[PDB]
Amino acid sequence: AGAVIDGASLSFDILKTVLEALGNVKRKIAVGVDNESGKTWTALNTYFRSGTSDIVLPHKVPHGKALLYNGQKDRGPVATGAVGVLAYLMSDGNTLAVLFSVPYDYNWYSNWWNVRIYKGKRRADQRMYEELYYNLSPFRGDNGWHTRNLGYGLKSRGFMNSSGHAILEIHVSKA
């Protein structure tokens, strides 16, 4: 069970300790999503293209709170990373989705992330991963902040670093 902390407490430092707490795995990610949307989010599901998470998505994330989640590559001598999608059903029946991609091979790939509000209840799956990763303009994990109007009177402001031990911090707020 991932933690649900005060929105204002989410920071790079909290995410870096989550990363430290995961241990010396080659590819891992600490994810923080601050809910300032004015609507309560209810965990829907996650989908991992590569890797796993030892924890589950926090069930409820009220406005003013942030969820902490993490993921990592499958354990053992396997050249893979941590890539997946987490989805939350918003109070209005729409789905907030977050993509994270921490590849094993940095010679040909880079870190990417994305966030999007889908209409209606949309579970995370292979299609959503492909949609978010290839066709819906993901942001690079480039050690820089990125802001995007999500429609529905909200916007996201997020940051993801460039390394294999990644942190992804996103704030969803009212436009």
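Just count from 1 along the sequence shown to find any residue number.
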request  = For the higher mean C-alpha B factor in the entry, choose 60-68 or 105-113.
outcome  = 105-113
query = If you average the Cα B factors in the entry, which is higher, 32-40 or 119-127?
reply = 32-40
ask   = Looking at 143, 53, 149, 50, which has the highest Cα B-factor in the entry?
value = 149
ask   = What third of its chain, lowest, middle or highest, does the C-alpha temperature factor of residue 76 fall into?
value = middle
message = Test of reading the entry: by CA B factor among the chain's modelled residues, which third contains residue 172?
response = lowest
ask   = According to the PDB entry, is the CA B factor of residue 22 in the bottom, middle or top third of its chain, that is, lowest, middle or highest?
value = highest
key: Chain thirds of CA B-factor: placement of residue 154   = middle
ask   = Within this chain, which third does the Cα B-factor at residue 9 fall in: lowest, middle or highest?
value = highest
